Amino acid sequence: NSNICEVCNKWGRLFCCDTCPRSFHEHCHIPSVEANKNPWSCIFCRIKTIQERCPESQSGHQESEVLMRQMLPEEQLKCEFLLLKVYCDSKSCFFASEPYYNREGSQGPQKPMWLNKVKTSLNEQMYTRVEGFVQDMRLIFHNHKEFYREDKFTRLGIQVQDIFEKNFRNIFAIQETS
Ligand SMILES: [Zn+2]
Ligand SMILES: [Zn+2]
Ligand SMILES: [Zn+2]
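Residues numbered from 1 in each chain as written, not as in the entry; some residues may be left out. Chains lettered and ligands numbered in written order. Heavy atoms only, no water. Residues with missing side-chain atoms left out of burial classes, pairs and counts.

> Hey, could you run me through helix 5 (residues 115–123) in this one?
Quick reminder: α-helices carry 3.6 residues per turn. Residues three or four places apart thus point the same way. For helix 5, the full list of buried residues reads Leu115, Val118, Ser121 and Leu122. Looking straight down helix 5, one finds that the buried residues subtend no more than 120° of arc, so they occupy a single side. In this fold, the buried residues of helix 5 make contact with helix 3 (73–87), helix 4 (93–96) and helix 6 (130–148). Within two residues after helix 5, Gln125 carries a phi angle of roughly 45°, on the positive side. (Buried < 20%, exposed > 50% of the residue type's maximum accessible area, 1.4 Å probe, protein only. Helix = DSSP H or I, 4+ residues; strand = E, 2+ residues; numbered from the N terminus. Arc of directions from axis to C-beta. Contact = heavy atoms within 4.5 Å.)

> What is the right way to look at the nonpolar core in this model?
Most often, soluble globular proteins have nonpolar side chains that are buried together. The biggest cluster of nonpolar side chains holds 47 residues, and the ones touching the most others in it are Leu83, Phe133, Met137 and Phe172. Counting only elements with at least two residues in this core, the list comes to helix 1 (43–53), helix 2 (63–67), helix 3, helix 4, helix 5, helix 6 and helix 7 (154–171). Residue assignment places this core across two domains, with domain 1 (1–59) and domain 2 (60–178) each supplying three or more. Excluding its chain neighbours within four sequence positions, the residues that come into contact with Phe172 are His61, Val66, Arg69, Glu75, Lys78, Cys79, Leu82 and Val130. (Core = buried A, V, L, I, M, F, W, Y, C linked by side-chain atoms within 4.5 Å. Domains from an automatic or database assignment.)

See below:
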């Protein structure tokens, strides 16, 4: 197994996957690494299994159909993974915790949103459809773009949103287009 957390790339108290070489801090993994279970498989392995059980799940889909899906266990897992993939980029640090807005010439967003809040919302089963999760995630980046206006700091919102969107297209097997 790896000697660093797959998500934050740091050593510490790691839990090891029994079916792949990845390792995780307890709260870097999503969901949090489970108390018992021997063996244990990480979310990368769990997602791989879904694909292997149903190869046709990788055929292209329409985003509009994916968003209307009910958060049944497999979609719950897929959203958890997608959130994890965003946390894997170090630039997610800017969007993790609850922001505040006090900048000359800007107003704060009507509906603040951050990654830890989405994490909690997933954990407490507050989303009934994929749409709820995806809207909140896009809101994070949209609020940022809007607030930072012409400051070059806006680019961080663009960069992290590109990570989100690519992983969203991959995990939910959205039909490739130009
Ligand atoms: Zn970690
Ligand atoms: Zn694994
Ligand atoms: Zn099948």
